[PDB]
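Same order as they appear, the protein sequences are chains A and B.
Once you know that position 151 of the first sequence is 297 in our numbering, the rest is easy, because the numbers rise by one and skip nothing.
Once you know that position 65 of the second sequence is 211 in our numbering, the rest is easy, because the numbers rise by one and skip nothing.
Below is one structure, written out as structure tokens; comments come after it.
2 protein chains.
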Amino acid sequence: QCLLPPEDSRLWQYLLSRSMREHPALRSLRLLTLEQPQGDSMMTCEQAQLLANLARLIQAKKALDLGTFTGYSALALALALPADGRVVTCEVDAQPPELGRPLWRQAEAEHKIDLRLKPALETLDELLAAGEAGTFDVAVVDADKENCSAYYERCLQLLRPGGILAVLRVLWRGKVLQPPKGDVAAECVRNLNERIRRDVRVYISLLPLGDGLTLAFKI
Amino acid sequence: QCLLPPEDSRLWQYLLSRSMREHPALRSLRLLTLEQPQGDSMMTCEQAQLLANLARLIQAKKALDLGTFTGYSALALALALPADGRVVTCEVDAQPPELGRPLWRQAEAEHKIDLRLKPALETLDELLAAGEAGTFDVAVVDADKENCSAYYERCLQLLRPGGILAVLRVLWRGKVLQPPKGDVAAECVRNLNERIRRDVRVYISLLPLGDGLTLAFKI
Ligand SMILES: C[S@@+](CC[C@H](N)C(=O)[O-])C[C@H]1O[C@@H](n2cnc3c(N)ncnc32)[C@H](O)[C@@H]1O
Ligand SMILES: C[S@@+](CC[C@H](N)C(=O)[O-])C[C@H]1O[C@@H](n2cnc3c(N)ncnc32)[C@H](O)[C@@H]1O
């Protein structure tokens with residue numbers, strides 16, 4: 147079900163303590179988020195830092211974040227971007243982003259975070275119909291699993307060559323090994339993994355962080 | 147001791163099968179190396195692939211590979227570079243590179259791989275004396291632990307801004323937690339981790355691959 151030990155593992159704690167450089171506002175947002183219903187679905191701190199580091203590495207200016215929740219990944223990305231950077235973040239529930247907004251403000255990153263409260267598929271299609279193919283530097287796919295294939299295809303088209311497409315929670319607690327009959331979400335995660343496996347448009351790494359992290363680098 | 151389950155476990159095999167894209171020669175090099183005593187000293191295939199992927203991502207042209215062994219990481223890196231790319235690979239033991247060379251040839255990568263048969267510290271000093279500071283794109287530190295702090299510093303100097311410095315085996319089978327008395331290598335690993343943790347010259351991720359993998363991105 148899970149490749150890594152419990153969070154309380156001493157070796158895991160050492161990994162975190164010897165690597166984490168979490169912004170105070172980001173840290174405050176995480177601790178708040180963990181008290182919320184579905185707080186355990188949030189992006190983990192070391193995943194967010196890896197993605198922010200990669201965004202910084204490639205000098206990203208334009209990021210796309212699917213599944214805002216409380217805005218943890220959006221804020222992590224925003225902090226990796228220069229002053230004129232923008233994160234377009236997509237969500238359907240208005241409540242969770244409003245929990246994170248005060249922390250976006252504290253981090254002086256609220257102006258960098260562009261919240262689009264509508265289904266992600268709608269925002270993706272709009273961006274493309276506006277002719278914004280090949281303009282995004284980083285895309286994070288962490289919304290619903292039902293539409294994740296459509297999300298992957300659209301994010302890939304929105305990324306420039308050399309862009310980074312991250313898909314979160316790709317092992318689905320080990321259910322990808324044999325998705326239960328009628329488990330739409332699990333079948334969807336499994337189907338996308340197969341597609342990405344075959345995709346010659348990208349080169350890829352699958353990492354044992356969180357519930358599995360795919361990094362697909364666009365050619 | 148380990149953050150990860152055994153390599154042959156079901157979920158790990160899934161992660162590999164859904165991500166791995168070794169060039170046939172690179173695959174053959176791995177399999178051949180694994181027929182040798184201590185063959186599993188080679189870095190795992192997904193670590194080499196992550197490193198090769200990040201090299202490609204940043205359009206690397208020059209790489210440093212400390213601890214050639216049979217040439218697995220050297221070849222992985224070479225395959226991520228353009229025709230005129232170069233990997234300076236450093237090794238003290240003449241025998242293992244002889245094993246890998248036929249696979250370097252099979253991969254059309256011999257002209258890209260620059261083998262320096264002598265202590266890595268000597269090669270690093272030579273490159274710096276030659277005016278190569280700030281010109282390498284990727285540096286992989288996978289030799290002896292006794293000199294790993296010296297390797298880190300020299301590699302950091304040799305890397306350009308935006309370069310990637312990878313340190314392998316940073317958890318040292320959990321001995322970093324409390325290095326046993328007289329365990330000089332474990333103390334060396336522990337000491338470097340504290341320096342990197344504090345190091346303002348880089349931004350960092352520590353990943354639960356192999357025996358721990360540190361990625362330090364140069365500012
Ligand atoms: C796993 S959470 C995202 C975690 C978040 N990225 C973080 O950093 O903590 C999944 C989010 O996707 C949202 N979501 C579900 N369907 C969506 C859709 N069609 N479009 C956009 N967001 C959606 C959920 O409401 C939820 O907040
Ligand atoms: C863990 S193996 C490297 C594995 C290789 N990176 C791979 O991916 O397959 C460590 C290597 O460092 C070499 N080594 C030991 N001391 C060295 C030194 N002072 N300079 C260069 N290489 C050294 C060893 O002989 C050994 O081949």
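All C-beta atoms, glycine included, are put in the ideal place defined by N, C-alpha and C.
Discussion item. Using a 10 Å radius around the Cβ and a threshold of 16 neighbouring Cβ atoms, would you call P228 of chain B buried or exposed?
Written reply: exposed
Worksheet item: Where does the unbroken beta strand (DSSP E) through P307 of chain A begin, and where does it stop?
Response: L305 to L314
Fill in: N199 of chain A: contacting residues in chain B (beta-carbon distance under 9 Å)
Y349, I350, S351, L361 and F363
Discussion item. Quick check: does the Cβ of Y298 of chain A come within less than 7 Å of any heavy atom belonging to ligand 1?
Written reply: no
Item to complete: Go ahead and pull the three-state DSSP assignment for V346 of chain B.
Response: coil
Fill in: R262 of chain B (DSSP reduced to helix, strand or coil)
strand
Discussion item. By the three-class DSSP mapping on this structure, what secondary structure does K364 of chain B have?
Written reply: strand
Worksheet item: Apart from the five residues on each side of it in sequence, which residues of its chain come closer than 7 Å, Cβ to Cβ, to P265 of chain B?
Response: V238
Worksheet item: Measuring CB to CB, does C148 of chain A end up less than 8 Å from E168 of chain A?
Response: no
Practice prompt. Just the chain B side, please: which residues come within less than 7 Å of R156 of chain A by C-beta, in chain order?
Written response: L323
Worksheet item: Looking at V335 of chain A and ligand 2, is the gap between the Cβ and the nearest heavy atom below 7 Å?
Response: no
Worksheet item: Are the C-beta atoms of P307 of chain A and some chain B residue less than 8 Å apart?
Response: no
Practice prompt. Report whether the distance from the Cβ of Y349 of chain A to the nearest heavy atom of ligand 2 is below 7 Å.
Written response: no
Worksheet entry | Where residue 367 of chain A falls: helix, strand or coil (DSSP) | Given a span of 147 to 365 for chain A in the structure shown, any question on residue 367 of chain A remains unanswerable.
Worksheet item: If you follow the beta strand (DSSP E) that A285 of chain B is part of, which residue opens it and which one closes it?
Response: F282 to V287
Worksheet item: With 16 other CB atoms within 10 Å as the buried threshold, where does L210 of chain B fall?
Response: buried
Discussion item. List, in chain order, every chain A residue whose beta-carbon is nearer than 8 Å to that of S165 of chain B.
Written reply: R343, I350, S351, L352 and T360
Worksheet item: Under the criterion of a Cβ to heavy atom distance below 7 Å, does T360 of chain B qualify as lining ligand 2?
Response: no
Worksheet entry | Distance between beta carbons of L212 of chain A and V316 of chain A, contact taken as under 8 Å | Actually they do not touch by this definition, with Cβ atoms about 14 Å apart.
Worksheet item: Would you call the CB atoms of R251 of chain B and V234 of chain B closer than 8 Å?
Response: no
Item to complete: Please determine, among B:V348, B:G356 and B:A289, the residue with the shortest C-alpha to C-alpha distance to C334 of chain B.
Response: B:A289
Practice prompt. Pull out every residue of the region 235-266 of chain A whose Cβ sits closer than 8 Å to any Cβ of chain B, in chain order.
Written response: none
Discussion item. I want to know whether the region 270-278 of chain A touches the region 320-327 of chain A - three or more CB-CB distances under 8 Å.
Written reply: no
Worksheet entry | Beta-carbon proximity check, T214 of chain A vs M188 of chain A, cutoff 8 Å | no
Worksheet item: If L355 of chain B and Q193 of chain B are in contact, beta carbons under 8 Å, what's the gap, nearest whole angstrom?
Response: 5 Å
Worksheet item: What do you reckon, is the C-beta of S219 of chain B under 7 Å from a heavy atom of ligand 2?
Response: yes
Discussion item. Quick check on this structure: which residue in A:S174, A:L225 and A:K208 has the alpha carbon closest to the alpha carbon of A198 of chain A?
Written reply: A:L225
Worksheet item: Cα-Cα, which of B:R336, B:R343, B:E340 and B:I350 is closest to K291 of chain B?
Response: B:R336
Fill in: Residues that DSSP places opposite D211 of chain A in a beta bridge
A:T235 and A:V286
Practice prompt. Look at the Cβ atom of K207 of chain A, then the Cβ atom of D260 of chain A, and state whether they are nearer than 8 Å.
Written response: no
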